Amino acid sequence: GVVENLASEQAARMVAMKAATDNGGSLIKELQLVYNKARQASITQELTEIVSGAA
Amino acid sequence: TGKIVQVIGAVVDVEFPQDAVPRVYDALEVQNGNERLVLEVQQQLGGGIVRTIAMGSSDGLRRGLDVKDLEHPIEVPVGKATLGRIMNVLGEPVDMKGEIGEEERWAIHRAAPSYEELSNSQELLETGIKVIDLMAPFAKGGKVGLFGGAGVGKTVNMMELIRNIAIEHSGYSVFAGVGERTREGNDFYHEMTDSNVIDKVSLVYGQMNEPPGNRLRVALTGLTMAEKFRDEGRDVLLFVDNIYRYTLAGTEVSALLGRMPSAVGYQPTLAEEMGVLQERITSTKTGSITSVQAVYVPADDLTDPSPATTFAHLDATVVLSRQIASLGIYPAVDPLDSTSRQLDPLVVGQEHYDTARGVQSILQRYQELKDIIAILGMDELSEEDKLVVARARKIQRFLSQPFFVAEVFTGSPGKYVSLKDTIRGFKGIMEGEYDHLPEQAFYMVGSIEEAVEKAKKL
Amino acid sequence: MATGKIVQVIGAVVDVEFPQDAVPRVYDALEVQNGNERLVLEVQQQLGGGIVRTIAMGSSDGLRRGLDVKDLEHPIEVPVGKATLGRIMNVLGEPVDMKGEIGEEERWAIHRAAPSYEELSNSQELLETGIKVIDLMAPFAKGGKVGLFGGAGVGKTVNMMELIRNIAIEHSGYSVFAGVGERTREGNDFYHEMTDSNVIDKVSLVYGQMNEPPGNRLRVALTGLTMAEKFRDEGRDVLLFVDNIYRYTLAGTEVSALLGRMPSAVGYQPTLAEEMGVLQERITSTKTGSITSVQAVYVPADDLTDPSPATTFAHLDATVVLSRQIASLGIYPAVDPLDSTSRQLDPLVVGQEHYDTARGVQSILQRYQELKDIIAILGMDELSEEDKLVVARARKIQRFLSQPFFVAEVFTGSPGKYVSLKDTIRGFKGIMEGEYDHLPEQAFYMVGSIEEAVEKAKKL
Amino acid sequence: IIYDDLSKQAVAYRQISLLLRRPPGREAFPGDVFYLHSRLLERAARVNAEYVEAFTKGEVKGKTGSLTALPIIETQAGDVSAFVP
Amino acid sequence: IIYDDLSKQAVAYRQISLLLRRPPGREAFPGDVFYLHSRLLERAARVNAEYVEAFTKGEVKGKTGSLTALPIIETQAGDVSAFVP
Ligand SMILES: Nc1ncnc2c1ncn2[C@@H]1O[C@H](COP(=O)(O)OP(=O)(O)OP(=O)(O)O)[C@@H](O)[C@H]1O
Ligand SMILES: Nc1ncnc2c1ncn2[C@@H]1O[C@H](COP(=O)(O)OP(=O)(O)O)[C@@H](O)[C@H]1O
Ligand SMILES: [Mg+2]
Ligand SMILES: [Mg+2]
C-alpha cells in the first residue's frame with residue numbers, strides 16, 4: 001500500500017506541474033499586453049510633452 | 001452693434017465699439033439665416049474684441065454678421081411653473097406644450113453659499129440595495145457619485161435609486177441631462193408620465209448631439225432650478241445624468257480659446273471649472289439638496305485627472321467595475337473601493353460598522369490569495385485559506401441583487417432589502433451558519449431566506 | 001556709472017538692455033539695487049542687439065522695469081585660500097556665520113577651464129574607509145571620485161558623515177564641504193558636529209540651501225570647487241565633499257525652461273550632459289596636487305535609469321549604490337554588492353587576496369538571488385542539498401556585510417565599530433573557507449569584527 | 001445603415017486634426033473625437049408619427065420611420081478597454 | 001501647521017502658470033514648482049534663543065521657538081514616481 005501511494009504521489013505531482021506550467025504561460029501572455037500598452041502610452045505622453053513644450 | 005470677425009469651430013469672435021463692449025458672460029444674439037443664435041461671452045480680448053461660445057449650430061455663419069448685445073447673462077425660467085416640463089439649456093420649452101408660465105427668471109451663473117450658511121446632517125437615507133447601504137450608506141442632504149467605465153450600470157443604478165428614494169421622498173425633484181443618449185431621456189420621460197409622477201419632476205436636457213456650448217452650460221441650468229427649490233425652503237432631489245460630459249465639453253472648446261494644454265491635453269483650468277459647479281450643489285440652513293451624480297471614467301482608467309478630481313467632491317462614492325459585470329454579478333459594485341463618509345460607528349452603530357469591516361477584510365484577503373490560486377490552484381492553500389475563499393465567494397454572490405428596472409433583462413422579479421435584514425445575512429455568512437449552502441444559492445437573491453429556499457431547489 | 005536697464009522680469013529670469021557698444025559677456029556679473037538691497041545678476045545669453053538674458057542670484061521680488069544696472073566686468077569672484085578655513089559662505093562668498101569679514105588676500109573666478117590632458121596624473125594609492133562593504137566591494141584610491149547613489153532616505157547623509165569622521169580626522173590636510181540644495185537643519189547639525197569635534201579649523205564650508213533661488217543652487221558647486229582648486233594649486237592634497245550633485249542639474253532644469261531652451265527627454269535641459277561634464281572634469285588630481293572627492297547623488301524614484309543618474313555614472317571611479325530594498329528590510333549600510341564597484345578592484349593592485357574574496361562574495365549573492373524567487377514556490381523542501389549550503393553561506397555573508405556606525409549610535413544605542421581591511425578579508429574568507437555555520441545567523445549581524453562575531457555566538 | 005470601420009474614420013480625423021496642429025489628447029486623438037462619433041450615431045433614431053406628419057407636411061399620416069445603425073469597431077488584441085472602443 | 005493637500009496647491013499654481021503662458025514642463029507643471037514647495041517647507045524651523053532675543057528686541061530671553069509642518073500629498077495609485085510626490 002505504501003509503495004502504491006508513493007507512485008500515486010509522483011503521478012499526481014506530474015499532472016499538477018503540467019497545470020502550473022500552462023497557467024504560468026497563460027499569465028505571461030496577459031502581463032505582456034499590460035506592458036506593451038504601458039510602453040506605447042509612455043512614448044505618446046512624453047512626446048506630447050516635448051512637442052507641446054516647444055513654443 | 002457688433003460684427004463677427006473670426007469663426008473657429010464653435011468659437012466666435014465679435015468686435016464692438018470701445019465704449020460698448022460686453023461684460024463677461026453676457027449673452028449676444030445673431031441671425032443665422034432664418035435661425036436665432038445665442039453667443040455667450042467667455043473672454044475680453046484687447047481692442048473691443050470679445051470671444052464667445054455659440055449656444056447652437058455654428059454652420060452658416062459668415063463674417064460680418066451684425067450681433068446684438070443683450071445686456072444680461074443667460075437667464076432661465078425658475079420655480080413651481082418649471083415642474084413637469086422639459087427645457088433647453090436656454091430655458092426654452094422643448095416639449096410640445098406651450099409657454100412656461102414663469103413668474104421669475106434667474107441667471108445661471110451664481111456664487112456658492114457662504115461657509116456660515118452650510119448645514120450638516122447624520123440622517124441615514126435607506127435604499128433597496130444590499131451593497132450600497134451596507135458598504136457605502138448615504139444621508140439625506142449629501143452627495144453620491146456612481147463611477148464606472150462604459151456600459152457597467154451607471155444608469156440602471158441611478159434609475160433604481162430614483163425608484164427607491166422616491167418611495168420616502170415627498171418634495172420636488174430635478175433632473176439634469178448632460179451628454180447622455182436622447183433615447184434614454186425619452187424612455188424616462190414616458191416612464192414618469194405613464195406613472196403620473198412627472199408632476200413633481202423638472203427636466204433639463206442638453207444631450208450629446210448638441211454642440212459644445214450647450215453641453216457646458218446645461219449642467220448649470222439644472223442646478224439653478226434646484227437652487228430655487230432649495231431657497232424656497234423645500235428639500236429636493238437632483239439627479240445628474242453624466243457629469244463627465246461637462247468637463248469634456250470644456251476640453252473640446254479650450255484649445256480654440258487659445259490656452260496651452262495641460263496634463264493629458266486637458267484645459268489648464270480644469271480643477272476650477274469642476275469646483276465652481278460642485279460647490280453650489282449643496283444643502284444649507286434653509287433647505288437641502290440630495291444629489292446622485294453619474295461619473296463616467298474614460299478607458300476604465302480610475303486615475304485620469306477628471307475622475308481623480310471628482311472623487312474629492314463627494315460624500316458617498318460607489319465604484320463600478322467591468323470585471324465584476326463580466327462575471328454576471330450585478331450591480332457591479334466593487335466593495336473594496338466603494339466607501340462613504342457616513343460609515344462610522346457613531347453614525348451607523350457598531351454592528352453595521354463591524355459587519356462592513358468584516359466583509360472588506362475577507363474580500364481583501366481573497367484578493368491576496370488569487371496569485372497563488374492562479375499559479376498553483378486551490379489545493380495548495382492552507383486548510384482555513386480554503387474556508388476564507390469559500391466564504392468570500394459566497395459573499396461576492398450575496399452582494400448581487402435583482403432590480404425592478406432589470407426585469408426587461410433578467411426577467412426575474414425585483415427585490416427590496418431592508419438594512420436590518422442585509423446586515424443579519426452578511427453577519428450570518430461570516431459567522432458560518434450558512435457554510436453548508438452552495439455558491440449558486442446566493443446569486444440574485446434578495447434575502448438570506450431566499451438563499452436557503454433556493455438551495456432547496458438546488 | 002550704471003549703463004543698462006531692466007526690460008523684463010519673468011520669475012527668476014531678468015532681461016537687461018545695454019547700449020550696443022558695451023554689452024556684457026556671457027557669465028559676466030551685473031549689480032542692481034533692489035529696494036535697499038544689492039542684487040547680483042549673472043549673464044546667461046546675449047540675445048538680439050544690446051539685450052542680455054540673466055539669472056538673479058537672489059530674490060527677484062521687488063524688481064521694477066527700468067531699474068539701472070551696472071556691469072561689473074568680470075565673472076563672480078570668490079575669496080579663496082587659508083582665510084576661508086572655518087568659515088561658512090554663500091554662493092557669492094559672503095560670510096553667513098556672523099563672525100565678520102573673511103579677510104582674504106586673493107579672489108578667483110568661479111568659471112574656469114579644466115586641467116589639460118598633459119597635466120593629469122595616474123596613481124592608485126588605496127585609501128581605507130573602515131566600512132566593510134566599501135573596503136571589500138568598492139575600495140577607493142586617492143584622487144578618485146566616489147559616488148554614493150541613492151533615493152530618498154537610504155543613508156547617503158549618515159554614510160557621508162561616517163566617511164567624514166573616518167577619512168578627515170586621519171587626513172592631516174585641508175577639506176572643503178559644499179552643501180548644494182541641502183537642508184538647513186542638516187547644515188546646522190554638521191557645523192555643530194565639526195566644531196564639537198574641534199576639526200572645523202581645517203574645513204571650509206559653502207552652503208546654498210533648498211530655499212535659495214535657482215541661481216544660488218546652480219552656482220554653489222562651482223564656488224566650493226574653486227576653493228578646492230586653490231588648495232590644489234598650492235600643491236596640497238584635499239578632500240572635497242559634495243552633499244548632492246543632483247540639485248545642481250535640477251537647478252539647471254528650472255533655469256533652462258525660462259531661458260527659452262527647447263525641452264529634452266524626461267523634461268531635462270538639452271545641456272544636461274554638457275553641464276555635468278563641465279563640472280566633473282575640474283574635479284581631478286594633477287601633477288601638482290590632488291583633489292579627492294565624495295559625492296552624493298539623488299536618484300529619483302530609485303529609477304537609476306533616468307538621464308541624471310545615467311550621465312553621472314560615467315564620471316566616477318568608485319560607485320556605491322544604496323538600495324531602498326536593503327534599507328527597507330532594515331539592514332544598514334544599504335549598499336547593494338551586485339551594483340556597487342570600483343575601478344581599483346583590480347587583481348594587480350588590491351592583490352589576489354582581496355580580489356578573489358570579493359568576486360567570491362559577488363558570485364554567491366547572485367546565485368542566492370536566482371534561488372530566492374523559486375524558493376517561494378518550492379520552499380527549501382524541494383530545493384537541493386547543493387542549494388542549502390549556498391543559501392546558508394549567502395544569508396550569513398549578507399548579515400556580515402552590516403556594520404554599526406559611530407554616527408548612527410544615535411539611532412541604535414549600540415557603539416560604532418571600525419574594521420580594518422585585513423580583518424574583513426579574514427572574516428569573509430573565514431565564512432568562504434572556514435564556513436563556521438556553527439553560529440546563529442544573528443551572530444554575523446551588526447557585530448563588526450570576526451572575533452566579535454564568534455564571541456556574540458559564544459554568548460548566544 | 002452599416003459603417004464599415006469607425007476606427008478608420010477616427011484615424012482620418014486624427015490626421016486632419018493634427019495637420020491643423022490641434023493639441024492631442026489620450027492616444028493622440030483630439031477631444032472632439034467623442035463629438036465626432038456622437039453626432040453621427042445619435043441620428044440613428046426612431047421618430048413618432050407627429051414628427052413624420054410635421055416633416056412631410058401631412059402627406060404621410062400615422063406611420064413612424066426609423067434608421068438602424070450597426071457600426072463596426074476593430075480592437076487590438078481584444079482590448080475592450082482602449083479609448084475609441 | 002498642517003497643509004492639507006499641497007498637491008492641490010501645485011495644481012492651482014499650474015493653472016496660473018499656463019494661463020500666463022509660461023513654458024510648461026513635466027506633466028505640464030511649471031518648472032519652478034520645486035521652488036514653490038521648497039521655500040514654503042523650509043520656513044518650518046526651530047530657532048535658537050539668540051535669534052528670539054534679537055527678534056523680540058530682548059523682550060523674550062532664553063527660549064527657543066519652533067514651527068512644525070505636516071504636509072499631505074495624494075498619489076494616484078501609489079506611484080511615488082510622479083513629479084509632485
Ligand atoms: N442590475 C442589472 N441587471 C442586469 N443587467 C444589468 C444590470 N445593470 C446593468 N445591466 C446591463 O448592463 C447595461 C449597462 O448599464 P447601463 O444601461 O446603466 O449603461 P451604463 O453602464 O450607464 O453606460 P452609459 O454610461 O453609457 O449609460 C445595462 O443596460 C444592462 O444591459
Ligand atoms: N547606518 C545607519 N544606521 C541607522 N539608521 C540609518 C543608517 N543609515 C541610514 N539610516 C536611516 O536613514 C534615514 C536617514 O538617511 P539619510 O541619509 O539622512 O537620508 P538621505 O540618504 O535621503 O539623505 C534615517 O531613518 C536613518 O535612521
Ligand atoms: Mg450612463
Ligand atoms: Mg541628505
# chains A, B, ... in the order shown; residues from 1 in each chain; ligands from 1
call {"tool": "residues_around", "arguments": {"residues": "segment 19-33 of chain A", "least_positions_apart": "2", "cutoff": "8 Å", "atoms": "only C-alpha atoms", "output": "list in words"}}
result
residues 15, 16, 17, 35, 36 and 37 of chain A; 374, 375, 376 and 377 of chain B
call {"tool": "calpha_fit_and_write", "arguments": {"fixed": "chain D", "moving": "chain E", "output": "short mmCIF file (atom, residue, chain, number, x, y, z; two decimals) with N, CA and C atoms, in the first residue's frame"}}
result
data_model
loop_
_atom_site.label_atom_id
_atom_site.label_comp_id
_atom_site.auth_asym_id
_atom_site.auth_seq_id
_atom_site.Cartn_x
_atom_site.Cartn_y
_atom_site.Cartn_z
N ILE E 1 -28.44 51.26 -41.78
CA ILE E 1 -27.13 51.77 -42.17
C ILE E 1 -26.00 51.04 -41.45
N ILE E 2 -25.02 50.59 -42.22
CA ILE E 2 -23.88 49.85 -41.69
C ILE E 2 -22.61 50.65 -41.95
N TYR E 3 -21.94 51.06 -40.87
CA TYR E 3 -20.72 51.86 -40.96
C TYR E 3 -19.53 50.94 -40.79
N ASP E 4 -18.75 50.72 -41.84
CA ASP E 4 -17.69 49.74 -41.73
C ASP E 4 -16.43 50.37 -41.18
N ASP E 5 -16.01 49.93 -39.99
CA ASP E 5 -14.84 50.53 -39.38
C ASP E 5 -14.98 52.00 -39.07
N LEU E 6 -15.71 52.30 -38.03
CA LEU E 6 -15.74 53.66 -37.54
C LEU E 6 -14.39 53.99 -36.97
N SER E 7 -13.64 52.95 -36.61
CA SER E 7 -12.28 53.10 -36.11
C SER E 7 -11.40 53.74 -37.17
N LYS E 8 -11.62 53.41 -38.44
CA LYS E 8 -10.89 54.06 -39.53
C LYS E 8 -11.30 55.52 -39.67
N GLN E 9 -12.56 55.84 -39.43
CA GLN E 9 -12.98 57.23 -39.52
C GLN E 9 -12.24 58.06 -38.50
N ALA E 10 -12.04 57.52 -37.31
CA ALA E 10 -11.40 58.27 -36.24
C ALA E 10 -9.95 58.55 -36.56
N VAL E 11 -9.27 57.60 -37.19
CA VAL E 11 -7.88 57.79 -37.59
C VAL E 11 -7.76 58.84 -38.68
N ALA E 12 -8.74 58.93 -39.57
CA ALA E 12 -8.76 60.01 -40.54
C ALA E 12 -8.97 61.37 -39.87
N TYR E 13 -9.84 61.43 -38.89
CA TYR E 13 -10.06 62.66 -38.14
C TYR E 13 -8.85 63.02 -37.28
N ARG E 14 -8.12 62.03 -36.80
CA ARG E 14 -6.89 62.34 -36.09
C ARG E 14 -5.85 62.94 -37.02
N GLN E 15 -5.70 62.39 -38.21
CA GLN E 15 -4.76 62.97 -39.15
C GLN E 15 -5.08 64.42 -39.43
N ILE E 16 -6.33 64.72 -39.74
CA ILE E 16 -6.75 66.10 -39.99
C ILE E 16 -6.45 67.00 -38.79
N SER E 17 -6.73 66.53 -37.59
CA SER E 17 -6.57 67.36 -36.40
C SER E 17 -5.11 67.69 -36.11
N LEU E 18 -4.22 66.73 -36.27
CA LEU E 18 -2.80 66.98 -36.03
C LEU E 18 -2.17 67.82 -37.12
N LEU E 19 -2.68 67.73 -38.34
CA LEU E 19 -2.15 68.58 -39.40
C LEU E 19 -2.62 70.02 -39.24
N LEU E 20 -3.82 70.22 -38.76
CA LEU E 20 -4.27 71.53 -38.28
C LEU E 20 -3.67 71.95 -36.94
N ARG E 21 -2.68 71.26 -36.38
CA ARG E 21 -2.04 71.64 -35.12
C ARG E 21 -3.02 71.95 -33.99
N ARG E 22 -4.07 71.17 -33.85
CA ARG E 22 -4.85 71.28 -32.62
C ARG E 22 -4.24 70.48 -31.48
N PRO E 23 -4.47 70.88 -30.23
CA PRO E 23 -3.93 70.16 -29.08
C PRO E 23 -4.30 68.69 -29.04
N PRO E 24 -3.31 67.81 -29.03
CA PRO E 24 -3.55 66.36 -29.03
C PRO E 24 -3.98 65.86 -27.66
N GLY E 25 -4.66 64.71 -27.66
CA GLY E 25 -5.05 64.07 -26.41
C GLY E 25 -4.55 62.64 -26.23
N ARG E 26 -5.37 61.77 -25.65
CA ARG E 26 -4.97 60.40 -25.36
C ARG E 26 -4.79 59.59 -26.64
N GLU E 27 -3.71 58.80 -26.69
CA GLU E 27 -3.29 58.10 -27.91
C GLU E 27 -3.17 59.06 -29.08
N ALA E 28 -2.90 60.33 -28.76
CA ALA E 28 -2.87 61.45 -29.69
C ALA E 28 -4.17 61.73 -30.44
N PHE E 29 -5.24 61.02 -30.13
CA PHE E 29 -6.51 61.43 -30.71
C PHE E 29 -6.94 62.82 -30.25
N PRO E 30 -7.65 63.53 -31.11
CA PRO E 30 -8.16 64.86 -30.76
C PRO E 30 -9.07 64.66 -29.57
N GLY E 31 -9.23 65.69 -28.75
CA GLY E 31 -10.16 65.54 -27.65
C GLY E 31 -11.60 65.35 -28.11
N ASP E 32 -12.03 66.08 -29.12
CA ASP E 32 -13.43 65.99 -29.53
C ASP E 32 -13.61 64.85 -30.53
N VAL E 33 -13.29 63.63 -30.10
CA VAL E 33 -13.53 62.50 -30.99
C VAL E 33 -14.79 61.79 -30.55
N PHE E 34 -15.09 61.89 -29.26
CA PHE E 34 -16.37 61.44 -28.75
C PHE E 34 -17.52 62.18 -29.40
N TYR E 35 -17.38 63.48 -29.57
CA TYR E 35 -18.43 64.25 -30.21
C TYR E 35 -18.57 63.91 -31.68
N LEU E 36 -17.52 63.37 -32.29
CA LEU E 36 -17.59 62.93 -33.68
C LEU E 36 -18.54 61.76 -33.82
N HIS E 37 -18.31 60.70 -33.06
CA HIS E 37 -19.15 59.51 -33.10
C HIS E 37 -20.49 59.74 -32.43
N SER E 38 -20.53 60.60 -31.43
CA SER E 38 -21.77 60.81 -30.69
C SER E 38 -22.81 61.50 -31.55
N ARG E 39 -22.41 62.49 -32.31
CA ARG E 39 -23.38 63.19 -33.13
C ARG E 39 -23.68 62.45 -34.41
N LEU E 40 -23.01 61.34 -34.67
CA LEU E 40 -23.36 60.53 -35.83
C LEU E 40 -24.32 59.43 -35.43
N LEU E 41 -24.03 58.75 -34.34
CA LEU E 41 -24.83 57.59 -33.97
C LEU E 41 -26.20 58.00 -33.44
N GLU E 42 -26.31 59.17 -32.83
CA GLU E 42 -27.59 59.67 -32.36
C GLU E 42 -28.54 60.08 -33.47
N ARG E 43 -28.11 60.10 -34.72
CA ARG E 43 -29.09 60.25 -35.79
C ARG E 43 -29.92 59.00 -36.03
N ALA E 44 -29.45 57.82 -35.64
CA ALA E 44 -30.25 56.61 -35.71
C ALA E 44 -31.35 56.60 -34.66
N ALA E 45 -32.59 56.77 -35.11
CA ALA E 45 -33.73 57.01 -34.25
C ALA E 45 -34.94 56.31 -34.85
N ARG E 46 -35.95 56.06 -34.02
CA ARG E 46 -37.32 55.92 -34.50
C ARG E 46 -38.10 57.18 -34.15
N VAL E 47 -38.78 57.74 -35.13
CA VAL E 47 -39.52 58.99 -34.97
C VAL E 47 -41.02 58.75 -35.01
N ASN E 48 -41.74 59.42 -34.12
CA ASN E 48 -43.18 59.24 -34.01
C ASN E 48 -43.89 59.84 -35.23
N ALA E 49 -45.13 59.40 -35.42
CA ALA E 49 -45.95 59.76 -36.59
C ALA E 49 -46.31 61.24 -36.65
N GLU E 50 -46.21 61.96 -35.55
CA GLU E 50 -46.47 63.40 -35.57
C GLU E 50 -45.29 64.19 -36.12
N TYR E 51 -44.08 63.72 -35.89
CA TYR E 51 -42.91 64.28 -36.54
C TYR E 51 -42.91 64.01 -38.04
N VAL E 52 -43.33 62.82 -38.45
CA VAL E 52 -43.40 62.50 -39.87
C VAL E 52 -44.48 63.31 -40.59
N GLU E 53 -45.60 63.55 -39.93
CA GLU E 53 -46.59 64.45 -40.52
C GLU E 53 -46.10 65.88 -40.58
N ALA E 54 -45.46 66.35 -39.51
CA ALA E 54 -44.94 67.71 -39.50
C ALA E 54 -43.83 67.90 -40.53
N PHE E 55 -42.99 66.89 -40.72
CA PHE E 55 -41.92 67.01 -41.71
C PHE E 55 -42.45 66.91 -43.13
N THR E 56 -43.23 65.88 -43.43
CA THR E 56 -43.76 65.73 -44.78
C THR E 56 -44.92 66.66 -45.09
N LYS E 57 -45.16 67.65 -44.23
CA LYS E 57 -46.26 68.59 -44.39
C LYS E 57 -47.59 67.88 -44.64
N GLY E 58 -47.84 66.83 -43.87
CA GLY E 58 -49.06 66.06 -43.95
C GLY E 58 -49.18 65.07 -45.08
N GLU E 59 -48.17 64.94 -45.94
CA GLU E 59 -48.32 64.02 -47.06
C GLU E 59 -48.34 62.56 -46.62
N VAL E 60 -47.62 62.22 -45.56
CA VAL E 60 -47.66 60.89 -44.96
C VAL E 60 -48.21 60.99 -43.55
N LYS E 61 -49.31 60.30 -43.29
CA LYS E 61 -49.98 60.34 -42.00
C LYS E 61 -49.90 58.98 -41.33
N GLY E 62 -49.65 59.00 -40.02
CA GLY E 62 -49.79 57.84 -39.17
C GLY E 62 -48.74 56.75 -39.31
N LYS E 63 -47.60 57.03 -39.93
CA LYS E 63 -46.51 56.06 -40.01
C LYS E 63 -45.27 56.60 -39.31
N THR E 64 -44.69 55.79 -38.43
CA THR E 64 -43.36 56.06 -37.89
C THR E 64 -42.25 55.68 -38.85
N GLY E 65 -41.20 56.50 -38.89
CA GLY E 65 -39.97 56.15 -39.59
C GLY E 65 -38.88 55.69 -38.63
N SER E 66 -37.84 55.08 -39.21
CA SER E 66 -36.77 54.52 -38.41
C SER E 66 -35.46 54.51 -39.18
N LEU E 67 -34.35 54.73 -38.48
CA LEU E 67 -33.02 54.46 -39.03
C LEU E 67 -32.20 53.64 -38.06
N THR E 68 -31.77 52.45 -38.48
CA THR E 68 -31.04 51.52 -37.62
C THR E 68 -29.57 51.48 -38.00
N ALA E 69 -28.68 51.60 -37.02
CA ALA E 69 -27.25 51.68 -37.26
C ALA E 69 -26.50 50.47 -36.72
N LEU E 70 -25.53 49.97 -37.48
CA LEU E 70 -24.65 48.88 -37.04
C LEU E 70 -23.18 49.23 -37.24
N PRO E 71 -22.62 50.08 -36.41
CA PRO E 71 -21.19 50.42 -36.53
C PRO E 71 -20.31 49.22 -36.24
N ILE E 72 -19.14 49.19 -36.88
CA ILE E 72 -18.17 48.13 -36.70
C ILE E 72 -16.85 48.72 -36.22
N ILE E 73 -16.32 48.18 -35.13
CA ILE E 73 -15.05 48.63 -34.56
C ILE E 73 -14.07 47.47 -34.46
N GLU E 74 -12.78 47.76 -34.65
CA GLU E 74 -11.73 46.76 -34.53
C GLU E 74 -10.86 47.04 -33.32
N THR E 75 -10.71 46.05 -32.44
CA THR E 75 -9.87 46.15 -31.25
C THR E 75 -8.56 45.39 -31.43
N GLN E 76 -7.44 46.04 -31.13
CA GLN E 76 -6.14 45.37 -31.25
C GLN E 76 -5.90 44.45 -30.06
N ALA E 77 -5.83 43.15 -30.33
CA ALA E 77 -5.74 42.10 -29.32
C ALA E 77 -6.85 42.17 -28.28
N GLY E 78 -8.04 42.60 -28.68
CA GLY E 78 -9.19 42.52 -27.80
C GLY E 78 -9.29 43.56 -26.71
N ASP E 79 -8.41 44.57 -26.68
CA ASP E 79 -8.38 45.46 -25.52
C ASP E 79 -9.47 46.53 -25.63
N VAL E 80 -10.59 46.26 -24.97
CA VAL E 80 -11.70 47.19 -24.79
C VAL E 80 -11.27 48.49 -24.12
N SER E 81 -10.12 48.49 -23.45
CA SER E 81 -9.56 49.68 -22.82
C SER E 81 -9.13 50.78 -23.77
N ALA E 82 -8.98 50.52 -25.06
CA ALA E 82 -8.50 51.59 -25.92
C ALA E 82 -9.55 52.68 -26.08
N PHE E 83 -9.07 53.85 -26.49
CA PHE E 83 -9.83 55.09 -26.41
C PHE E 83 -11.03 55.12 -27.35
N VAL E 84 -10.87 54.68 -28.59
CA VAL E 84 -12.02 54.67 -29.50
C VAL E 84 -13.02 53.56 -29.17
N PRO E 85 -12.59 52.34 -28.89
CA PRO E 85 -13.55 51.33 -28.43
C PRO E 85 -14.33 51.72 -27.20
#
call {"tool": "residues_around", "arguments": {"residues": "residue 377 of chain C", "least_positions_apart": "2", "cutoff": "12 Å", "atoms": "only C-alpha atoms", "output": "list in words"}}
result
residues 17 and 20 of chain A; 371, 372, 375, 376 and 380 of chain B; 371, 372, 373, 374, 375, 379, 380, 381, 382 and 383 of chain C
call {"tool": "write_last_selection", "arguments": {"atoms": "N, CA and C atoms", "output": "mmCIF file, in the first residue's frame"}}
result
data_model
loop_
_atom_site.group_PDB
_atom_site.id
_atom_site.type_symbol
_atom_site.label_atom_id
_atom_site.label_comp_id
_atom_site.auth_asym_id
_atom_site.auth_seq_id
_atom_site.Cartn_x
_atom_site.Cartn_y
_atom_site.Cartn_z
ATOM 1 N N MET A 17 2.118 19.794 -11.887
ATOM 2 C CA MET A 17 3.137 20.638 -12.507
ATOM 3 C C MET A 17 2.837 20.951 -13.968
ATOM 4 N N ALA A 20 0.361 23.799 -13.629
ATOM 5 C CA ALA A 20 1.082 25.001 -13.214
ATOM 6 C C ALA A 20 1.865 25.637 -14.357
ATOM 7 N N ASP B 371 -3.192 35.217 -6.598
ATOM 8 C CA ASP B 371 -1.961 34.985 -7.364
ATOM 9 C C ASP B 371 -1.435 33.555 -7.204
ATOM 10 N N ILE B 372 -1.454 33.036 -5.981
ATOM 11 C CA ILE B 372 -1.116 31.640 -5.706
ATOM 12 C C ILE B 372 -2.176 30.690 -6.258
ATOM 13 N N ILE B 375 -1.420 30.582 -10.074
ATOM 14 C CA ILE B 375 -0.271 29.766 -10.456
ATOM 15 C C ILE B 375 -0.462 28.303 -10.072
ATOM 16 N N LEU B 376 -0.849 28.026 -8.831
ATOM 17 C CA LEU B 376 -0.836 26.664 -8.314
ATOM 18 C C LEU B 376 -2.204 26.039 -8.114
ATOM 19 N N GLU B 380 -3.243 23.779 -2.987
ATOM 20 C CA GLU B 380 -2.046 24.130 -2.241
ATOM 21 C C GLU B 380 -2.284 25.219 -1.216
ATOM 22 N N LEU C 371 17.894 31.641 -6.846
ATOM 23 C CA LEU C 371 17.170 30.699 -5.990
ATOM 24 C C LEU C 371 16.020 31.345 -5.227
ATOM 25 N N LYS C 372 16.217 32.563 -4.746
ATOM 26 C CA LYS C 372 15.280 33.240 -3.852
ATOM 27 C C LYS C 372 13.854 33.315 -4.405
ATOM 28 N N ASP C 373 13.674 33.634 -5.680
ATOM 29 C CA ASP C 373 12.315 33.630 -6.227
ATOM 30 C C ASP C 373 11.658 32.248 -6.199
ATOM 31 N N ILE C 374 12.324 31.215 -6.706
ATOM 32 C CA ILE C 374 11.701 29.890 -6.791
ATOM 33 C C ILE C 374 11.640 29.165 -5.444
ATOM 34 N N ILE C 375 12.458 29.592 -4.482
ATOM 35 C CA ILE C 375 12.280 29.228 -3.076
ATOM 36 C C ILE C 375 10.889 29.585 -2.560
ATOM 37 N N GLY C 379 9.629 26.359 -1.317
ATOM 38 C CA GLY C 379 10.259 26.482 -0.032
ATOM 39 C C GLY C 379 11.736 26.185 -0.099
ATOM 40 N N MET C 380 12.250 25.590 0.966
ATOM 41 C CA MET C 380 13.506 24.860 0.944
ATOM 42 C C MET C 380 13.311 23.353 0.862
ATOM 43 N N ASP C 381 12.065 22.901 0.851
ATOM 44 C CA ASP C 381 11.759 21.475 0.845
ATOM 45 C C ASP C 381 12.206 20.822 -0.459
ATOM 46 N N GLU C 382 11.869 21.431 -1.582
ATOM 47 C CA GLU C 382 12.172 20.945 -2.914
ATOM 48 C C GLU C 382 13.471 21.494 -3.483
ATOM 49 N N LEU C 383 14.069 22.488 -2.840
ATOM 50 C CA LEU C 383 15.478 22.768 -3.087
ATOM 51 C C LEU C 383 16.366 21.580 -2.719
#
call {"tool": "residues_near_ligand", "arguments": {"ligand": "ligand 2", "cutoff": "7 Å", "atoms": "only C-alpha atoms and all ligand atoms", "output": "mmCIF file with C-alpha atoms, in the first residue's frame"}}
result
data_model
loop_
_atom_site.group_PDB
_atom_site.id
_atom_site.type_symbol
_atom_site.label_atom_id
_atom_site.label_comp_id
_atom_site.auth_asym_id
_atom_site.auth_seq_id
_atom_site.Cartn_x
_atom_site.Cartn_y
_atom_site.Cartn_z
ATOM 1 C CA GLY C 150 20.520 56.530 -3.584
ATOM 2 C CA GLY C 151 16.911 57.591 -3.451
ATOM 3 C CA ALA C 152 15.255 59.375 -0.567
ATOM 4 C CA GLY C 153 16.003 58.101 2.926
ATOM 5 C CA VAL C 154 18.594 55.358 2.365
ATOM 6 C CA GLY C 155 21.656 56.586 4.268
ATOM 7 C CA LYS C 156 23.600 58.920 1.965
ATOM 8 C CA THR C 157 23.974 61.510 4.758
ATOM 9 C CA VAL C 158 24.810 59.002 7.503
ATOM 10 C CA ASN C 159 27.388 57.348 5.244
ATOM 11 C CA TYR C 332 22.494 49.215 7.243
ATOM 12 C CA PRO C 333 24.536 50.251 5.272
ATOM 13 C CA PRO C 404 27.175 49.803 13.218
ATOM 14 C CA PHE C 405 28.386 53.369 12.665
ATOM 15 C CA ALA C 408 24.359 56.003 13.894
ATOM 16 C CA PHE C 411 19.647 55.688 16.037
ATOM 17 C CA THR C 412 20.774 52.409 17.529
#
